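Only one chain is shown below, in structure tokens, and it's the form deposited in one PDB entry.
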């Protein structure tokens, strides 16, 4: 049998001894020739349907030899084309002959989903009557036939006769609906039995027809078979069993079997029984009928296995990150931008960390990368863990090289020499290549070379020249498949890609939203948790600058919280102030005013609404912009905020799409918002919670949500320290983490309790939410973090004095976390 060589970074199938050369194969006997051909074609079909690979075969001669015309032709029928160079390339070295196979189709959603078939096959076993002949459907024909089937006469006069006369001329020829057969006196039953499988499916698949056995083909005379040599009852029984053995596949209800009418009719000669003639009328079958199981092969686990009929039909009719597939080009240009003229190392933080920890690693990698002048080298603590494989102790780092004039190379750097290091690297490279094809949807010729390196002081297969990354197009396509592969797993680069995906969704929704600047002056933007409200605000003020040509000091931003102002101020897109400062100072030169988290404002200090109206309505070029963003789900107090009554907040814009949180956190917010809807506070307007998110909107960005309870403060704090340590070891920056507590009066306690448990994890620097830019974990209260967001969030003991306010705290917390959220409730 055929099995995959286990020690390679690719699917390598060894088919054994094969006779190569046209003359040598001709000198063979037909049996040996066809058996070797079937072995090679099984290997080729399996590799085509399993992501490509290599076929290895030993050849009996030492000098170069051509493949052979029959092998050539079988490959041509396999790919349904004369372009062998596109899918098959051959090398030979001494006694070994290699065929390198490319994948037939790549990815879960190929561009050709409804155009080209899912599988290559040796045969589809689907037959249809093609005029006066029965023909087999190739892969394309069977694909179209199944696609059609899955969508939601004079012969009958003879058929009605009870008996036939010997020598009776039938008036019709063989045609699209009729077939004649005559068989020997000795082997009639066996011939009928071997006839059924080839004609009954052909009639069934194409519109039915009549099959007459006992009629001469040339003279159309009825002859039958002598009574002494046929038992009509046995013949009918065998015919029915024969028809019903046929594998039928359905796409409909009811799923009835193949329908037909069968008649064994006496043939009378001069008024006496000469013999019997068999007559079959086959109705049009509602679905596809196979004569036998399709001859298609696939590599699963480690064996070349044939696809069953149902599995074949399923593939032929029918995490995978759809947003990654959509944005692959933007994501690749953001993260894996291929440089001109120099080799890039990514991610830089992890690279610097590694070369600091391990002396001489810089020199090792630099001496190893001398050949490659242009490309990208992608580092990781362990690509095996990145790809959901097991971790191997002793691995310093793994690097993936994607450079010009070279194949992809996956390096494994070892602190000390090890024999199993090569096996680990080979497994990682095989997984990476199989994912780049099957999951990343790469359609070119790809191979990943596994090369182990050691810091302390079976040959690799040589692929054709076409497998080298010729230039920018190939490098960019491979990196765009790597993006899709990474977005299906959890890792540092996967999370960076998720962040950029969230940014792209925010950009799309802002492009939709920003068209309201020409259509409104007063606008009340009602956003939902994680709807990008603040990003939309900032981008709108940039747009106001661009459109009205007014300078930044002439645009005012007003918010409730000092951390949020401080964040907004550094952008330099405005003058940014707090509600109290706005009420106090003078802003008569301001033309445009933008107000954020208005639901958190208060009426005690003054009429901020009226002040904003007075300032804006005075603008020379007509009234200025006055946009008031707010979110009632994120209310933080039980008093009126000075906003106008609900009915008076017009015109409006609703930001209902969650674009700033990963899928787990988004679903968490959607679940929790029902809790607020079930019991809104008395001060909240009656009908302002009727806003609902877009029904089918999803982000397709992976994240982490975890709730741990019954734990003491020490246990919470050690768990936070451990998680931060793991993230930083993997390569996450500290500025991706923020610790949010219930109230400021607990912030000073938790800061000390956190330095206590984090001094054991080798980072002793924190800060409040007023110094976001610093590379350090932010510890602050949930409320003071309003309008801010961090990739990793640790929510500690949500708490408030009044249950009337308690419901909104959990949402106001979870909305701050982009990807990873850890909550520690009381228990």
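Basically, rigid core = biggest C-alpha set you can superpose within 1.5 Å across the two forms. Residue numbers count along the first chain shown, from 1.
The discussion below concerns the form deposited in another entry, not included here.
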Problem set entry | Only residue that shifts (Cα, 2 Å or more, rigid core superposed) between this form and the one not shown, among 263, 91, 135, 611 | 263
Problem set entry | Core-superposed comparison between this form and the one not shown, residue 357 Cα displacement 2 Å or beyond | no
Problem set entry | Core-aligned C-alpha movement of residue 577 between this form and the one not shown reaching 2 Å | no
Exercise. After a core superposition, would you say residue 169 shifts its C-alpha by at least 2 Å between this form and the one not shown?
Worked result: yes
